[PDB]
Every structure is written in C-alpha cells, then in structure tokens.
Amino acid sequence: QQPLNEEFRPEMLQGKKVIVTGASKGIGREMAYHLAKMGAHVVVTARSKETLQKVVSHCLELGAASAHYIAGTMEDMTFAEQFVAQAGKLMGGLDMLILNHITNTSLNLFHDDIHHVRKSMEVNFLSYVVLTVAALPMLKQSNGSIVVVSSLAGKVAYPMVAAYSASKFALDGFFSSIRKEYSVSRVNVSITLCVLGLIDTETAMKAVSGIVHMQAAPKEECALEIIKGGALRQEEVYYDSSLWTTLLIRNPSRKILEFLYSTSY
C-alpha cells in the first residue's frame, strides 16, 4: 500500500463522498464537522435520530456539499449492510468509509460479563467487517479508502477494558490481513488503522473520572488527524497527548518481519 507523497490539503476531501459511523457525538461528530468545512458529501450514522439531526444541521451551515443521517443500531448486521447501500445512493458513490462507532462501554473488572464480550465483538468488530463488505464494490470504483478507528487498548494490554480491547485487537488482525490481501490481489483500496490515546470526548471523560488522572488530547485535532491519515492513504495513524506515547507504541519490528515474509514468498 503506497501512501501519498505530499502534505495534506483540505481540498483533498472537496466533493469526496464519506460515510462516518458513530457520528452523533465525540470524535465521529468532529470528523463530520471537519468534512463539512472541506466541502465533502457526508452521511452520518448512529442510533439517536435526534442528535444525528443536529449534526447534519451544522454540517450544512459549515459548507457540506450535502449531508444526510440514517439512524439505526450496528447491533443489527442487516441494518449495517443496508445502511451502506442507502448511503451509496444518497451520494452516488463512496470515496471513504470511516468506521468509528463502538458499543457503550465503561471501566469494569471482567466479572464474567460474557454478554458484553459478545456485544463488543458484534458492534466493535463484526459490524465493521459487514460495513466493509458492503462498501468495497463502491470503494473499488473510486479507488477509495477505509479508516478503522482504534485505540492504545488495541495495541497493548490494559486492565478494565478486556472486551473492548479484545474487539480492537480483532480489528487489527483482520484489517491488517486484508491489507496484505489487497496488495497481492492489487486492489487499490487503502486501509488506515488509527491508534488513539485518551481523547476528551464526553463518554471517555465520564468513564475515567477519578479512576485515572491523565491528560486528554482535543477531539477536534484528533478527528482532523484521522481524516488526514485516511486521505494520504497511510497504513496507520498515532494520536495521543504525549509524544512519548505516540512514538513508543509503534512496533517497528513487526513491520520488518511482515515485509521479510513477503519477499520470502
């Protein structure tokens, strides 16, 4: 996967057609906003019809070539599959598929909550694969891009986020594998996996409350960096408050081994 060899410019997204999931609040909403500003066509999804509307309202006043919302729950794969189809039609195609939604989760020890483990895998991982399968044909059409939003909990181990973390790891294994598959079948669709540290979204802040005192990067800048990375067709993006974090969490060896086994066969 060849990343683009040039600085990012806002106009790279002008007239592009972008789906953003989990776009009712937090990072997703900010991403939708940023795309508005850049004159993108946008389709946002989430369960809350009401919050979804307010988002769309603002995306239009910000200069969005066109903005729609479609409400529904990614718990339901039939919905997920139909959503992409409806969004495809609402826009006349697709250039970027931003997968951002996660199931409601908070900080607990794993007290055998098997149900929350399964829901996490359905919502946080399985629906992404479904959404992807649905979007590929269109993405092949426009030589487009997939952006998978993930976390530090999706690269290293933390306590209190076992199911969540299981799901984010799943995304890495799966999407990094298909990235190789696309390379060798030469499909020109790029996959960008985003690894995020603490972000000051409402949900996160309430969840870590008093349980851990640590700096949180701004959601606005965070959302912009997810887009840029997706736009320059980078394989991975890293965003945290600390540079210590964002430089250290990258795994240099794994990338070397992978390449070393590609030349071998």
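Take the two forms, superpose them, and find the largest set of C-alpha atoms that agree within 1.5 Å; that set is the rigid core. Sequential numbering from 1, following the sequence displayed.
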Core-fitted comparison in 7 other deposited structures of this protein, 222-230 vs 236-244, farther C-alphas: 236-244
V42 coordinate gap across at least a third of other entries: no
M31 coordinate gap across at least a third of other entries: no
Residue stretch of maximal mean CA temperature factor, 208-216 vs 45-53: 208-216
Which of 131-139 and 110-118 has higher mean CA B factor, as the PDB entry lists it: 110-118
Chain third (lowest, middle, highest) by recorded CA B-factor, residue given as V20: lowest
Among modelled residues of the same chain, the CA temperature factor third for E30: lowest
